[PDB]
8 protein chains.
Amino acid sequence: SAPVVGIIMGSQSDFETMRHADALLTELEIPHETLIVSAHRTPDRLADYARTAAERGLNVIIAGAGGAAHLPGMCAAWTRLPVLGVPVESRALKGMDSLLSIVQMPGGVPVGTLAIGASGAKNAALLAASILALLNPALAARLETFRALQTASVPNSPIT
Amino acid sequence: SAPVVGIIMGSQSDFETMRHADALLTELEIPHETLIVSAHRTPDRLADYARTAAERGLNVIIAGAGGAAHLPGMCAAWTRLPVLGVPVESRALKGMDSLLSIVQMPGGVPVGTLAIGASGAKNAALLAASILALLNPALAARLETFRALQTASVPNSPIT
Amino acid sequence: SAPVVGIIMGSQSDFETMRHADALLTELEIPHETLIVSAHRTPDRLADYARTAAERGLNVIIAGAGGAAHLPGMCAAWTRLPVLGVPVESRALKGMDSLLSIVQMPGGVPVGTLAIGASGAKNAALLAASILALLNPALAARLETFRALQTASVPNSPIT
Amino acid sequence: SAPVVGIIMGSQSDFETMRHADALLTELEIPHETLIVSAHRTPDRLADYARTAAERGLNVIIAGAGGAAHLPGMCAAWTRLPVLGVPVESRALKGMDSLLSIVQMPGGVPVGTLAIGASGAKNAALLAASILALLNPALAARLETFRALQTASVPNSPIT
Amino acid sequence: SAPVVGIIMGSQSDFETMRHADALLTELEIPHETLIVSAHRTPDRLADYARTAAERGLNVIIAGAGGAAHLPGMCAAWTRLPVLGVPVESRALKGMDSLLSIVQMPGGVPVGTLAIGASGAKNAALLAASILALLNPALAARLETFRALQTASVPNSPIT
Amino acid sequence: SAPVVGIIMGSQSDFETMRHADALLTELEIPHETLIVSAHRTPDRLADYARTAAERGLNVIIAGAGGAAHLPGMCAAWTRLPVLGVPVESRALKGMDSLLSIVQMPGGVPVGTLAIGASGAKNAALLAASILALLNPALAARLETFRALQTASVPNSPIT
Amino acid sequence: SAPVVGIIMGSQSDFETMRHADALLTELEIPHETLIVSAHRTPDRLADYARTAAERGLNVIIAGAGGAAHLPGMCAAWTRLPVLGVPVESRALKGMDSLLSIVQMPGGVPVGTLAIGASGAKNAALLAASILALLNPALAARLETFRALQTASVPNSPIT
Amino acid sequence: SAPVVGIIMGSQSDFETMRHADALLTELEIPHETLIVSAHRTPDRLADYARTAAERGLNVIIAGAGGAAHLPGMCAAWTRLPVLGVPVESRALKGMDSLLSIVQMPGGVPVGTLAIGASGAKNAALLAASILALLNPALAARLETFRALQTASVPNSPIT
C-alpha cells in the first residue's frame with residue numbers, strides 16, 4: 001500500500017498531461033503517489049524528494065515538465081533510482097523545448113525519456129510497470145493481460 | 001553468467017556508438033549480450049529476438065538505431081520487457097530523425113529514450129543498471145559507488 | 001474485384017487522414033482494401049499482412065502512421081511490393097516526427113513518402129494509380145482524364 | 001535495350017549522390033538513361049523531357065535535386081508516370097530544404113520521396129525496381145534474390 | 001491602365017493571403033492583374049505566363065505558394081523580370097516548408113523572398129512599389145507618403 | 001560611373017560570402033560600392049548610409065549579415081529603396097538564424113531575401129540586375145545574354 | 001517616481017505579451033514607463049530612445065518584438081544599459097523566428113534574452129528587478145518576499 | 001579584490017567557450033571567480049554555491065552548459081542574483097538543445113540568455129559589466145570606452 005512509484009510534476013497545469021500516468025498506474029494497481037514538485041520554484045523540495053526516494057521504498061520516479069524542463073534531470077542527479085521523463089507540451093514550441101531539455105542528458109546521469117504529452121505520460125507509467133514486473137510476478141501477469149488486450153482490441157477495419 | 005541485458009543495433013557502424021553501453025555494463029559487472037539485429041533487413045530475426053527475450057532471462061533491452069530508427073519501437077512491440085532506445089547520430093540530420101523516430105511512441109508501447117550518440121549509449125547502460133539494481137543489492141552498491149566517484153571526480157576549477 | 005491496393009493505418013483516428021486515399025482509389029475504380037494494422041500494437045498482424053501481400057494479388061501498399069511512425073517501414077521490410085508512406089499529422093510536432101520516421105529509410109528497404117496529412121493520403125492513392133496505370137491501359141486512360149480535369153478546372157482568377 | 005527508367009538531376013554535383021541509383025539499376029539489369037535536366041536553368045528541357053517520357057517507353061522517373069528542389073515536382077506536373085524524388089544534401093541546411101521542397105507536394109500531383117542523400121538514391125532505384133517487378137517476373141525474381149541476400153548478409157554480432 | 005505587376009498564386013485558398021498584396025497595390029494605385037496560376041496543376045499556363053510577362057509590359061511578378069512551393073522559382077526560371085515570392089502558411093508545417101522551398105534558390109535564378117503569410121504578401125507589394133518607384137516619380141512620392149504615414153501613425157503608448 | 005547598387009555587410013568575415021555579389025555586378029558592368037556597415041557596432045553609420053542612399057543615386061541595396069542578422073531590416077527601415085538581404089551562414093545554426101532574422105519582416109518594411117550563403121549573394125546581384133534592367137535596356141540585353149548562356153551551358157549527361 | 005525601467009515594444013498587439021512585464025514591475029513597485037517603439041517603423045524614435053536612456057535615469061530596458069525581431073538588438077546597439085529581450089510569439093513560427101533574431105547577437109553588443117511569450121515578459125521584469133535589487137535594499141527585500149511566496153505557494157498535490 | 005561575478009560551467013570542455021567571458025571580465029578589470037559546478041554530477045555543490053553567492057558578495061552569475069543544459073536555470077532557482085546563461089555548442093544539435101533548455105524558463109525564475117558559443121560567453125561578460133556599471137561609475141567609463149573603441153574600429157570597406 002506504500003508507494004513504489006512517484007509521479008511528480010512542476011505545476012497544476014502539468015496534471016492535465018500527467019493524470020494519464022496516474023490513471024494507468026491505478027488501472028494496473030501499482031501503489032503510487034502523485035505530487036507537485038517544481039525544479040525552479042521548489043528546488044529544496046526536489047532535493048529532499050529525490051534524495052530520500054529510495055529509502056522511502058520508491059522504485060521508479062516519473063517526472064513531467066515543460067519548457068526548459070529541468071525536473072527529471074535534476075531528480076536523476078540526486079537518486080540512483082530510474083527516472084522517467086515526460087516532456088509536457090509547451091504553448092509556443094509544442095514540447096520541442098521540453099523534449100530536448102529532458103532527453104539530451106550527458107553521460108553519467110540518465111533520464112529515460114518518453115513522447116511529448118499524454119502519450120508520454122501513459123507510456124512512462126507502462127514503462128514503470130514493465131520495470132516493476134521484473135520484481136513482481138502478479139504485476140507481470142497484469143501487464144501481460146494489458147498488452148494482450150491492447151493487441152486484441154485493435155479493430156481490423158476503420159469506421160465512417 | 002547468463003546475460004540479463006541485451007544490447008542490439010542495426011549495423012556494424014552503430015557499434016561505434018553502442019560500444020559505450022557495452023563497456024559500461026562490463027564495468028558494472030552486468031552480464032549481457034551484444035548483437036546485430038536489423039529491423040529492416042532482418043525483421044524476422046527481430047521478432048524472434050524480442051519475443052523470446054524474457055523467457056531467455058533478459059531483464060532489459062538496449063536498442064540503438066539511426067535515421068528512420070525503428071529497432072527500439074518494434075522490439076518493444078514484441079516484448080513486455082523494458083526497452084531503452086539510443087538514437088544513433090545520422091549523417092545529414094545529426095540524429096534528429098533518429099531521436100524523433102524513437103522517442104515519439106504513441107501511448108501503449110513505451111521506449112525509454114536516451115540522448116543522441118555516445119552519451120545516450122552510456123546512459124542506457126546506466127539506466128539499465130539502475131533498473132537491475134532494484135533486484136540486486138550488490139549491483140546497487142556498485143552503482144552507488146559509481147555515482148559517488150563521478151561526483152567526487154569533478155574538479156573545482158577549470159584549467160587554462 | 002479482388003484488391004490490388006492495400007491501404008493500412010495504425011488506428012481509427014488515422015482514418016480522418018487516410019479516407020482521402022480510400023476515396024481517390026474508389027473514384028478511379030481501383031479495387032482496394034482499407035484496413036487497420038498497428039505496427040506497435042499488432043506487429044504479428046503486420047508481419048502476416050506484408051508477408052502475404054504479393055501472393056494475395058496486392059500490387060501496392062499505402063501505409064499511414066503518425067508520431068514514431070513505423071508502419072510503412074516495417075511493412076516494406078516484409079514485402080517486395082512498393083510501399084507508399086503517408087505521415088499522419090501528430091498533435092505536438094504536426095507530423096514532422098511522422099515525416100522523418102517514414103522518409104529516412106536506410107538504403108536497402110525503400111518507402112516512397114508523400115506529404116504530411118490529407119494531401120499525402122490523396123497523393124499516395126494517385127501515385128499508386130500511376131503505378132497500376134503501367135499495367136492497365138483502361139486505368140491509364142482514367143488517370144489521364146483525372147489529371148486533365150485537374151488541370152483544366154483550375155480557375156484563372158480568384159474570388160472574393 | 002531501351003531505357004525504362006530515367007534518372008535526372010540538376011547538376012554534375014548531384015551525380016555524387018545519384019550515381020548510387022544509376023549503379024543499382026545496372027546491378028538489377030534495368031535499362032535506364034542518366035541525364036542532367038535543370039528545373040531552373042533548363043525549364044524547357046524539363047518540360048519536353050517529362051512530357052515525352054511515357055511515349056518514349058519510360059515507366060518510372062527518378063529525379064534528384066537539392067536546396068529549393070523543384071525538379072521532381074515539376075517533372076511530375078508534366079508526366080502521368082510515377083515520379084520518385086531524391087533530396088540531395090545541401091551545404092547549409094543538410095538536405096532539410098531539399099527534403100521539404102520535394103515531399104510536401106499538395107494533393108493532385110505526387111512525388112514518392114526517399115531519404116536525404118545516397119541512401120535515398122539507392123532506395124529510389126530499389127523502389128523503381130519494385131514497381132517494374134510488377135510487370136516483369138524475371139526482375140521480380142532478381143529483386144527477391146537481392147532482398148534475400150541482403151537479409152542473409154547481416155552478421156549476428158558486431159566486431160570490436 | 002495596363003498591368004505593371006502580376007500577382008499570381010496556385011489556388012483560391014492562397015488568395016486569403018495574397019489579397020493583402022492585391023489591396024496594397026490598389027492603395028498605391030499600381031495597375032496590376034491578380035491571377036491563379038498553379039505550378040503543379042497548370043505548368044503550361046505558368047510557362048506561357050512567365051515567358052510572355054516582359055513583352056506584355058509586366059515589370060515585377062509577385063508569386064505566392066505553400067507547401068512544396070514551386071511557383072515563384074519556376075516563374076523566375078522563365079522570365080528575366082524580378083520575381084518576388086510569398087510563402088503561404090501551410091497547415092502542418094506553418095509555412096516553414098513554403099519558406100525553404102522558395103528562398104533556397106541556387107545561384108543563377110533569383111527569387112526575392114518575403115515573410116510567411118499576410119505580412120509577406122503586403123511586403124511583396126511594397127517591395128514591388130519600391131522597384132517601380134525607381135521608374136516613376138509620382139509613385140515614388142506616393143510610396144514616401146505611405147512610409148511617412150506608417151511611421152507617424154505608430155502610437156507612443158499601448159492601450160488596455 | 002557613380003554607384004547604382006550598394007553592397008553592405010557587418011564584417012570582413014561576411015565578405016567571403018558577399019564577394020560573390022560584388023563579382024557578379026562587375027561581370028554585368030553595374031557600377032556599385034562595397035562597404036562595411038555594422039548594424040550593431042556602427043548603428044549611426046547605418047542610419048546615415050541608408051537615409052542618404054537614394055539622394056546619392058543608389059537604386060538598390062544588397063545587405064548581408066549572419067546570426068541575429070539585423071543589417072538588412074534596419075537598412076530598409078531608413079530607405080525607400082528596395083533592400084535585398086543575404087543570410088550569411090553562421091557557425092552553430094548554419095544560417096537558419098540569419099535566414100529567419102532577415103526574411104520574417106512584419107508587414108510595412110520589406111526585405112527581398114535570398115538563399116543562405118554564396119548562392120544568395122550571387123542571386124542578390126542578379127535580382128538587383130533584373131531590377132536595374134527595367135531602367136536600362138543595355139543591361140537588360142546583358143542580363144538576357146547571361147541567362148541564355150547559363151541555359152546553354154548545362155550539359156545533357158553527367159560525368160562518371 | 002521617475003522611471004528606472006523602460007518597457008518598449010513594436011506594436012499594440014505586442015502588449016498582450018508585454019503587459020505581463022508591466023504588471024510585475026508595478027507589483028514590485030518599480031517605477032517604469034511602458035511605450036511603443038518600432039524598430040522598423042520608427043527607427044529614429046528608437047535611436048533617440050536608446051541614446052538618451054541612461055541620461056534620463058533609466059537603468060534597464062526591456063524590449064519585446066516578434067518575427068524578424070530587431071528592437072532589442074538595435075536598442076542595445078545605442079545604449080550601454082543592460083537590455084533584456086522578450087521574443088513575442090509570432091503567428092506562423094510561434095516565436096522561433098523571434099527567439100533566434102533576438103538571442104544570437106554577435107559578441108560586442110549583448111541582449112539578455114528571456115523565454116518566448118508571456119513567461120518571458122514576466123521574467124524580463126523579474127530579471128530587471130534582480131538587477132535593480134543590487135542598488136536598492138528595500139527592493140531587494142521585496143524581491144526576496146516575492147521569491148519566498150512563489151516558493152511557499154506551490155501546492156504539494158494536484159487537483160482534479 | 002573579492003569577486004563580484006561568478007563564472008560557472010559543468011565541465012573542463014565548457015571552458016573552451018567560457019574562457020571568453022573570463023578574459024573579457026579581466027579586460028574590464030572586474031574581479032571574478034571561474035569555477036566548475038556540474039548541475040548533474042555535483043547538484044549539492046550547485047545548491048550551496050547559488051544559495052551563498054549573494055552573501056559572499058557576488059552580484060552576477062554567468063553559467064554555461066550544453067545539451068540538456070540545466071546549470072543556469074537551477075542556479076537561478078537558488079539565488080535572487082541575476083543569472084546569465086551561455087548555451088555551449090553541443091556535438092549533434094549544435095547548441096539548439098543547449099539554447100532551448102536555458103532560455104525557455106517558465107515565468108517566475110529568469111535566466112538572461114546569450115548567443116550559442118563564444119559570442120554568448122563574451123556577451124555574458126559584457127552584459128554582466130553593463131549591470132555592474134550601474135553601481136560603479138569607473139567601470140561605466142571603461143565600458144563606454146570599450147564600446148566607443150569597438151565602434152571606431154569597424155573599417156569602412158572590406159579587403160579582397
# chains A, B, ... in the order shown; residues from 1 in each chain; ligands from 1
call {"tool": "closest_atom_pairs", "arguments": {"of": "chain E", "to": "chain F", "cutoff": "8 Å", "atoms": "only C-alpha atoms", "output": "tab-separated table"}}
result
residue	atom	partner	partner_atom	distance
E:59	CA	F:134	CA	6.9
E:80	CA	F:130	CA	6.2
E:81	CA	F:130	CA	5.8
E:82	CA	F:130	CA	5.5
E:84	CA	F:112	CA	7.2
E:103	CA	F:115	CA	5.3
E:104	CA	F:115	CA	4.3
E:105	CA	F:115	CA	5.9
E:106	CA	F:119	CA	5.4
E:107	CA	F:119	CA	4.4
E:108	CA	F:123	CA	6.1
E:109	CA	F:123	CA	6.5
E:110	CA	F:123	CA	4.9
E:111	CA	F:114	CA	6.6
E:112	CA	F:112	CA	4.3
E:113	CA	F:113	CA	4.6
E:114	CA	F:103	CA	5.7
E:115	CA	F:104	CA	4.4
E:116	CA	F:104	CA	6.9
E:118	CA	F:107	CA	7.6
E:119	CA	F:107	CA	4.2
E:120	CA	F:107	CA	6.5
E:122	CA	F:107	CA	5.7
E:123	CA	F:110	CA	4.9
E:124	CA	F:110	CA	7.1
E:126	CA	F:110	CA	6.7
E:127	CA	F:110	CA	5.9
E:130	CA	F:82	CA	5.5
E:131	CA	F:82	CA	6.1
E:134	CA	F:59	CA	6.8
E:135	CA	F:135	CA	6.7
E:143	CA	F:80	CA	7.6
E:144	CA	F:80	CA	6.9
E:147	CA	F:80	CA	7.8
E:150	CA	F:108	CA	7.5
call {"tool": "residues_around", "arguments": {"residues": "residue 3 (chain H)", "least_positions_apart": "2", "cutoff": "9 Å", "atoms": "only C-alpha atoms", "output": "ChimeraX atom specification"}}
result
/H:1,5-6,30-33,56-59
call {"tool": "select_by_dssp", "arguments": {"residues": "region 65-142 of chain E", "states": "strand (DSSP E)", "output": "MDAnalysis selection string"}}
result
chainID E and resid 65:66 83:88 112:113
call {"tool": "select_by_dssp", "arguments": {"residues": "region 7-95 of chain C", "states": "helix (DSSP H, G or I)", "output": "mmCIF file with C-alpha atoms, in the first residue's frame"}}
result
data_model
loop_
_atom_site.group_PDB
_atom_site.id
_atom_site.type_symbol
_atom_site.label_atom_id
_atom_site.label_comp_id
_atom_site.auth_asym_id
_atom_site.auth_seq_id
_atom_site.Cartn_x
_atom_site.Cartn_y
_atom_site.Cartn_z
ATOM 1 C CA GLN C 12 -9.195 4.640 -36.254
ATOM 2 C CA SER C 13 -8.077 8.265 -35.807
ATOM 3 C CA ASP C 14 -5.649 7.890 -38.763
ATOM 4 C CA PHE C 15 -8.696 7.298 -40.920
ATOM 5 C CA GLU C 16 -9.572 11.009 -40.929
ATOM 6 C CA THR C 17 -6.420 11.354 -42.983
ATOM 7 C CA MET C 18 -6.367 8.025 -44.847
ATOM 8 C CA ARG C 19 -10.013 8.209 -46.002
ATOM 9 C CA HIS C 20 -8.759 10.639 -48.684
ATOM 10 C CA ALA C 21 -6.665 7.844 -50.122
ATOM 11 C CA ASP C 22 -9.651 5.489 -49.900
ATOM 12 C CA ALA C 23 -11.912 7.989 -51.706
ATOM 13 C CA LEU C 24 -9.452 8.602 -54.523
ATOM 14 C CA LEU C 25 -8.987 4.886 -55.304
ATOM 15 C CA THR C 26 -12.736 4.499 -55.389
ATOM 16 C CA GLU C 27 -13.124 7.497 -57.761
ATOM 17 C CA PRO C 43 3.109 -6.405 -35.010
ATOM 18 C CA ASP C 44 2.220 -10.023 -35.924
ATOM 19 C CA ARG C 45 -0.856 -8.841 -37.822
ATOM 20 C CA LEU C 46 1.550 -6.572 -39.735
ATOM 21 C CA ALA C 47 4.135 -9.338 -40.391
ATOM 22 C CA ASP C 48 1.373 -11.615 -41.783
ATOM 23 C CA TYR C 49 -0.182 -8.790 -43.795
ATOM 24 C CA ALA C 50 3.017 -7.639 -45.529
ATOM 25 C CA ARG C 51 4.434 -11.176 -45.994
ATOM 26 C CA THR C 52 1.316 -12.440 -47.823
ATOM 27 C CA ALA C 53 0.507 -9.197 -49.667
ATOM 28 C CA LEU C 71 4.143 1.047 -40.044
ATOM 29 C CA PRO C 72 5.331 1.869 -43.604
ATOM 30 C CA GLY C 73 8.957 0.937 -42.977
ATOM 31 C CA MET C 74 8.238 -2.351 -41.271
ATOM 32 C CA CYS C 75 5.745 -3.199 -43.945
ATOM 33 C CA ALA C 76 8.461 -2.618 -46.571
ATOM 34 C CA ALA C 77 10.782 -4.810 -44.529
ATOM 35 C CA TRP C 78 8.495 -7.859 -45.208
#
call {"tool": "atom_distance", "arguments": {"atom1": "CA of residue 95 (chain A)", "atom2": "CA of residue 39 (chain C)"}}
result
24.6 Å
call {"tool": "decode", "arguments": {"residues": "region 19-60 of chain G", "atoms": "C-alpha atoms", "output": "compact mmCIF listing (two decimals), in the first residue's frame"}}
result
# COMPACT_ATOMS: atom_id res chain seq x y z
CA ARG G 19 1.63 43.74 -20.19
CA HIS G 20 2.89 40.85 -18.01
CA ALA G 21 6.18 42.67 -17.65
CA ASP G 22 4.32 45.91 -16.90
CA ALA G 23 2.19 44.21 -14.22
CA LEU G 24 5.15 42.60 -12.49
CA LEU G 25 7.11 45.88 -12.19
CA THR G 26 4.04 47.51 -10.74
CA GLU G 27 3.56 44.67 -8.20
CA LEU G 28 7.18 45.14 -7.07
CA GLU G 29 6.68 48.98 -7.07
CA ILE G 30 9.43 49.58 -9.63
CA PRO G 31 8.84 52.93 -11.37
CA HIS G 32 8.78 52.38 -15.08
CA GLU G 33 7.46 53.61 -18.43
CA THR G 34 5.69 51.35 -20.92
CA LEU G 35 5.99 52.51 -24.51
CA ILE G 36 5.61 51.59 -28.14
CA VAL G 37 8.82 51.93 -30.16
CA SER G 38 9.05 50.18 -33.53
CA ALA G 39 12.48 49.27 -34.83
CA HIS G 40 11.20 49.08 -38.37
CA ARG G 41 8.54 51.78 -38.46
CA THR G 42 10.07 54.32 -36.02
CA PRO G 43 13.84 53.73 -36.24
CA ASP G 44 14.65 57.36 -35.31
CA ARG G 45 12.30 57.17 -32.33
CA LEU G 46 14.31 54.10 -31.30
CA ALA G 47 17.73 55.77 -31.84
CA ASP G 48 16.64 58.75 -29.68
CA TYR G 49 15.08 56.49 -27.05
CA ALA G 50 18.10 54.20 -26.56
CA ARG G 51 20.70 57.01 -26.89
CA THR G 52 19.12 59.13 -24.13
CA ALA G 53 18.00 56.24 -21.90
CA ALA G 54 20.94 56.43 -19.46
CA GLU G 55 20.94 60.17 -19.08
CA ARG G 56 17.18 60.05 -18.41
CA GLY G 57 17.89 57.82 -15.40
CA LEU G 58 16.78 54.51 -16.94
CA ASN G 59 18.82 51.59 -15.58
CA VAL G 60 17.38 48.67 -17.59
